Engineer: 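I am attaching a structure below and will ask some questions about it afterwards.
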Protein chains: 2
Amino acid sequence: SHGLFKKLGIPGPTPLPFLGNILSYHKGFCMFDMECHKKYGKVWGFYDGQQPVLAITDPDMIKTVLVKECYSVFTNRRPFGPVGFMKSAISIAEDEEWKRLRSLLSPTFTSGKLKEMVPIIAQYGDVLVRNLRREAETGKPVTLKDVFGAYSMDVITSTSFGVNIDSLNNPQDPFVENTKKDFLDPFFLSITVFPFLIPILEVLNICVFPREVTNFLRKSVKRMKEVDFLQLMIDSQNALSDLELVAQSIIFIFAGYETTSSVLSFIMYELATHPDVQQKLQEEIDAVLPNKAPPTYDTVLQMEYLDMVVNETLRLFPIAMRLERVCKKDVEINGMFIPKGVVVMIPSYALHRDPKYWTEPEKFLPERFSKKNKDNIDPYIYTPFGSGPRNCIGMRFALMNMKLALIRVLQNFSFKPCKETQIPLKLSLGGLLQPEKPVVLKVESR
Amino acid sequence: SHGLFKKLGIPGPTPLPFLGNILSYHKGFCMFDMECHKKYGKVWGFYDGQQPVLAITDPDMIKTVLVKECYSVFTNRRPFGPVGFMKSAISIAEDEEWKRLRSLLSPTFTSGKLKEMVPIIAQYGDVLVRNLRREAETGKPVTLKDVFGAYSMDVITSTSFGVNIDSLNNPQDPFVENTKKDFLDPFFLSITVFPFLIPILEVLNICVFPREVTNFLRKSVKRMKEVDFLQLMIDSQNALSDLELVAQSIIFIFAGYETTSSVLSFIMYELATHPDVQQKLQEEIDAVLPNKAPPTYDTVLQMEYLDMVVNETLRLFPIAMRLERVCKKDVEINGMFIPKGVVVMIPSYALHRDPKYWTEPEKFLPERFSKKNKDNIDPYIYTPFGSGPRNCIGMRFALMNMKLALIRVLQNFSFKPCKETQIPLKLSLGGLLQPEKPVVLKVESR
Ligand code: HEM
Ligand code: HEM
């Protein structure tokens, strides 16, 4: 199948037998997408093993794939094999089963339901301000990914189940341990080169995740049916099923974990290495919330510079890195024939740093998203939450959760680079958007 | 997945782990379908390995699956794995690709194209009458499956390519050998129990058929593009592709081989063991074609008792044995919920011999199809060529080919049981509708 793009007239790096272009991933997904974009231009193809992948960078064509032809042609993501009951998860379901799940979970993520969760999420921001203060009086630099990781785990366990716990101070609560139970492991690289071996894993009872966890979850869900994501899904039954509920809650946990704390780590890195932005944000936060006033839903949506800082961080670090859709049928979009079975991919990371649309894209400059310049930004080039009907359903929730944590922490602390701070920051090598070395910063009380 | 039918409330034989009910195939597919129909009634489920299979016998429900909901729900047959370029064959293609092939091959099988092939098919009936006459003067019983097999191979090579050859007398013509190059092999049983190992075969270059054949075919197709199935497909290009042409011609050869000669063997067995029917047919043949007159398209459609004999043989021996459709989506038909992925199966063999619709079904009685009693026959119980949009596209061609051979042979010979004739006939054990022992009969010249 390695002759597909050569017969279509699509440029791209010459693939090797069996491997495709996977050896070119040695620089990471991001650098490979940027390099291909430089040498091949607007459209190029490559092979993940035998699987052809067509990258597209034209906004009109991106709009067609993500919006116009979502239901008709580009409905599903890459099927990373049938690997268990997780087929009922909304991010994984396909075609009519996904639409059913999307329709049943959309009212759960309204702004009305989000405002109801604001008082709950606010309590743990105060729990956050106490934990890092203990590690701030220690005089030693703080690893943010552990206080943020503790905060992130606190919020999702209470917003999706109602289990109010201080994780960093309760090492093993029976729920913290089972929730706390490496995406840079060679296994994921072998699955792409051996997609035919996925059926062997599915029958060999090599279930995704241990059956100690998940079984702990379905039992916990049963005892909680007698404001959070679970109650909204329980009341929706009063349709969804019970094992479907466990599947969605699993997605929310992975969603709200290594995205929430990672973006917060990138944000605090940018604020520490740009003190003028940090003070400007603190002056905005103190102006809206005088004397460390508690942040509310409406006061958060009142802070413009906070939104610009969050958006500029997500440009430099789009934690999804790529958007993908599988071509359901032979189609032709915006001037080219897309054959069936090809994976169409939008390289978000490379587009966010493309000088075709961004001035000095390596620089952290929040003013790109000022109300003067947010007009000149194509929504199909800047896609931190995707676009179209299958975009990030938890975008509003994620933005609100991160901002509430930013406000409470910046109302109390300033952040500066320490001896151990990796400057400039390097991105992790092999497939997840995270710092190479964990971010460590000096923290001081205001 | 072995608990599917137990949760649906559908009866059936208790499956074993991993194997399902495949051990119950020791009596053959036919006996297993009859036994299940006796003990479980109108609807029952079983497991081919992990694959659930739901048998249905209600005519209204059969009409819904084959006709009403063909495009919407029950479009495709069981995907016996992706096992090469044969995915472009009409009997194997799925959904929109099958409709395209069906639409491009329908005009090829009209009665107008069939009448045009009558003079060609007629020549080899005369070639047939000479070969078995040589083995008739030998005074020894004749194995029909070899003179019929030679005739069957003659007709399809000339109706799909234009290669006029006497196979039995030309042992190795470069085309006869490559065309002549066991469906009761244990391999097919292992594929059902190990459907996850099919992807390994597809990548390990264990192609279906040797690459000596097929490569001989695509090269032969290229040299023939400068009345038969090929010309009608070549002129249709003037759309279809060239490797698609090789795929369809492969299906026609398998179609016109072990079906044409097998049914003719069953027919001659019934005519030999029922001499009154044989003489009655010979008296009809001589009445329409006086003095061994050559059979034509219109004279063949003029013989009513010939049609009744052919139809009654196809009732006792429906060489397809089963019809199958894959349930594309969660649906409810005629009072029961059919979940996605279940294989819905119509047990044609068991329905053709069901005393609920047939008086003494073991008896060969052509009068069931007299114009008096062909009214009382449900077309969804007697399904020798299937039904609905995905029925046998070559039904008219197959009926005409067999009848022309029957007429010419019966105009010259009578058939009687020999010492070596297996009476009563036993069906082959393991998956193909063919005699256990090959049919041998005494042949005499009129
Ligand atoms: C900074 C935080 C987050 C970012 C940057 C982010 C980004 C994304 C992106 C880029 C996609 C794919 C969109 C596409 O393919 O077009 C996505 C999908 C999704 N996200 Fe997020 N996400 C975040 C947090 C969350 C959270 C907190 C939740 C839920 C609690 C969530 C739930 C989902 C779901 C369910 C999908 C799949 C939706 C579907 O397939 O219909 N995300 N996210
Ligand atoms: C006595 C001779 C034959 C019998 C009893 C027979 C029977 C059948 C049956 C039962 C089916 C499946 C129908 C269904 O699933 O509803 C079928 C399919 C088919 N047959 Fe035949 N067949 C015969 C000869 C032929 C011949 C000679 C050809 C072509 C030269 C042919 C071409 C096909 C094709 C292409 C299909 C699949 C059609 C599709 O999927 O759209 N058959 N046949």
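Just so we're on the same page: letters track the sequence lines, and every chain starts at 1.
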Engineer: Salt-bridged, A:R78 to A:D48, with N to O below 4.0 Å?
Structural biologist: yes

Engineer: Using distance alone, with no hydrogens and no angle criterion, decide if A:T296 and A:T299 have a side-chain donor and acceptor under 3.5 Å apart.
Structural biologist: yes

Engineer: Before accepting this row, confirm whether a basic side-chain N of the pair A:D242/A:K225 lies closer than 4.0 Å to the acidic partner's carboxylate O.
Structural biologist: yes

Engineer: So does B:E96 pair up with A:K329, basic N to acidic O under 4.0 Å?
Structural biologist: no

Engineer: Rounded to the nearest 0.5 Å, how far does OG1 of A:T192 lie from CD1 of A:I198?
Structural biologist: 9.0 Å

Engineer: If you take all heavy atoms of A:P171 and A:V176, which pair is closest and at what distance?
Structural biologist: O-CG1, 3.6 Å

Engineer: Can you tell me how far apart CG (A:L128) and CZ (A:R133) are? Round to the nearest 0.5 Å.
Structural biologist: 10.5 Å

Engineer: Locate the shortest heavy-atom distance separating B:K340 from B:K328; write the atom from each residue and the value.
Structural biologist: CE-O, 3.2 Å

Engineer: Using 4.0 Å as the upper bound for N to carboxylate O, is an ion pair formed by A:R100 and A:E97?
Structural biologist: no

Engineer: Evaluate the side-chain proximity of A:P52 to A:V342: yes if any heavy-atom separation is below 4.5 Å, no if none is.
Structural biologist: yes

Engineer: Between A:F364 and A:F266, is the ring centroid distance below 6.0 Å?
Structural biologist: no

Engineer: Do A:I333 and A:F74 pass the side chain to side chain contact (heavy atoms under 4.5 Å, CB included) test, and can you show the C-alpha distance, the side-chain angles, and the key distance before you say yes or no?
Structural biologist: CA-CA 11 Å; A:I333 52 168; A:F74 305 102; 4.1 Å; yes

Engineer: One pair to check against side chain to side chain donor-acceptor pair (under 3.5 Å): A:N334 and A:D58. What are the steps and the verdict?
Structural biologist: CA-CA 9 Å; A:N334 297 89; A:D58 183 69; 5.2 Å; no

Engineer: Within the side chain of A:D228, is there an N or O that forms a donor-acceptor pair under 3.5 Å with the backbone of A:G162?
Structural biologist: yes

Engineer: Would you say A:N76's side chain and A:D95's backbone share a donor-acceptor pair under 3.5 angstrom?
Structural biologist: yes

Engineer: Would you check if the side chain of A:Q282 reaches a backbone N or O of A:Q411 as a donor-acceptor pair within less than 3.5 Å?
Structural biologist: no

Engineer: Show every ring pair (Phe, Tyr, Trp, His ring centres under 6.0 Å) that has at least one partner inside residues 146-184 of chain A, sequence neighbours left out.
Structural biologist: A:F161-A:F175, A:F183-A:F188

Engineer: Counting only N and O atoms by type, is there a donor-acceptor contact under 3.5 Å from the side chain of A:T64 to the main-chain atoms of A:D60?
Structural biologist: yes

Engineer: For side chain to side chain donor-acceptor pair (under 3.5 Å), just list the numbers for A:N164 and A:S158, CA-CA rounded to whole Å, side-chain angles, deciding distance to a tenth of an Å, and then say yes or no.
Structural biologist: CA-CA 5 Å; A:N164 299 17; A:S158 56; 4.9 Å; no

Engineer: Quick check: does any side chain N or O of A:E244 sit under 3.5 Å from a backbone N or O of A:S241, one acting as donor and the other as acceptor?
Structural biologist: yes

Engineer: Using a distance-only test with no angle check, is there a side-chain donor-acceptor pair under 3.5 angstrom linking A:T383 and A:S348?
Structural biologist: yes

Engineer: Please give me the minimum heavy-atom distance between A:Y124 and A:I165, naming the atom from each residue.
Structural biologist: CE2-O, 3.9 Å

Engineer: Could you walk me through whether A:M268 and A:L406 pass the side chain to side chain contact (heavy atoms under 4.5 Å, CB included) check?
Structural biologist: CA-CA 9 Å; A:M268 301 319 295; A:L406 282 169; 3.6 Å; yes

Engineer: Can you tell me how far CH2 of A:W358 sits from CG of A:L365, rounded to the nearest 0.5 angstrom?
Structural biologist: 11.0 Å

Engineer: Looking only at atom types and distance, does a side-chain atom of A:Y382 sit under 3.5 Å from a main-chain N or O of A:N311, one as donor and one as acceptor?
Structural biologist: yes

Engineer: Applying side chain to side chain contact (heavy atoms under 4.5 Å, CB included) to A:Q237 and A:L245, what does each step give before you reach the verdict?
Structural biologist: CA-CA 10 Å; A:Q237 265 110 264; A:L245 251 57; 3.3 Å; yes

Engineer: Is the number of heavy atoms from other residues, nucleotides or ligands under 6.0 Å of A:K113 NZ greater than 12?
Structural biologist: no

Engineer: Looking only at atom types and distance, does a side-chain atom of A:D378 sit under 3.5 Å from a main-chain N or O of A:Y380, one as donor and one as acceptor?
Structural biologist: yes

Engineer: Quick check: closest heavy atoms across A:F415 and A:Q278, and the distance to 0.1 Å?
Structural biologist: N-OE1, 2.7 Å

Engineer: Going through the checks in order, is the side chain to side chain contact (heavy atoms under 4.5 Å, CB included) test met by B:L54 and B:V343?
Structural biologist: CA-CA 6 Å; B:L54 184 72; B:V343 167; over 6 Å; no

Engineer: Do A:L306 and A:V288 come close enough that some side-chain heavy atom pair is under 4.5 Å?
Structural biologist: no

Engineer: Just wondering, are more than 12 heavy atoms of other shown residues or ligands nearer than 6.0 Å to CD in A:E367?
Structural biologist: yes

Engineer: Kindly compute the distance separating CD (A:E94) from OG1 (A:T75), expressed to the nearest 0.5 Å.
Structural biologist: 9.5 Å

Engineer: Could you report the tightest heavy-atom contact between A:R77 and A:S91, atom names first, then the distance?
Structural biologist: NH1-O, 3.2 Å

Engineer: Can you pull the salt bridge (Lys or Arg N to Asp or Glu O under 4.0 Å) pairs that have at least one residue in residues 155-167 of chain A, sequence neighbours excluded?
Structural biologist: none

Engineer: Taking all heavy atoms of A:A405 and all of A:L264, pick out the closest pair and write down the distance.
Structural biologist: CB-CD1, 4.3 Å

Engineer: Output the distance between atom CG (A:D307) and atom NZ (A:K403), rounded to the nearest 0.5 Å.
Structural biologist: 3.5 Å

Engineer: When the ring centroid of A:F109 is compared with that of A:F252, is the distance short of 6.0 Å?
Structural biologist: yes

Engineer: Hey, does the side chain of A:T260 reach the backbone of A:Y257 with a donor-acceptor pair shorter than 3.5 angstrom?
Structural biologist: no

Engineer: Check for me whether B:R325 meets the cation-pi criterion with B:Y71, that is, NZ or CZ under 6.0 Å from the six-membered ring centre and within 45 degrees of the ring axis.
Structural biologist: no

Engineer: Decide yes or no on side chain to side chain donor-acceptor pair (under 3.5 Å) for A:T143 and A:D146, but give the supporting numbers first.
Structural biologist: CA-CA 6 Å; A:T143 293; A:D146 293 323; 4.6 Å; no

Engineer: For the atom pair CG (A:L433) and CE (A:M321), what is the distance rounded to the nearest 0.5 Å?
Structural biologist: 5.5 Å

Engineer: Is there a donor-acceptor pair under 3.5 Å between the side chain of A:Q248 and the backbone N or O of A:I90?
Structural biologist: yes

Engineer: Does A:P361 offer a backbone N or O that forms a donor-acceptor pair with the side chain of A:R353 under 3.5 Å?
Structural biologist: no

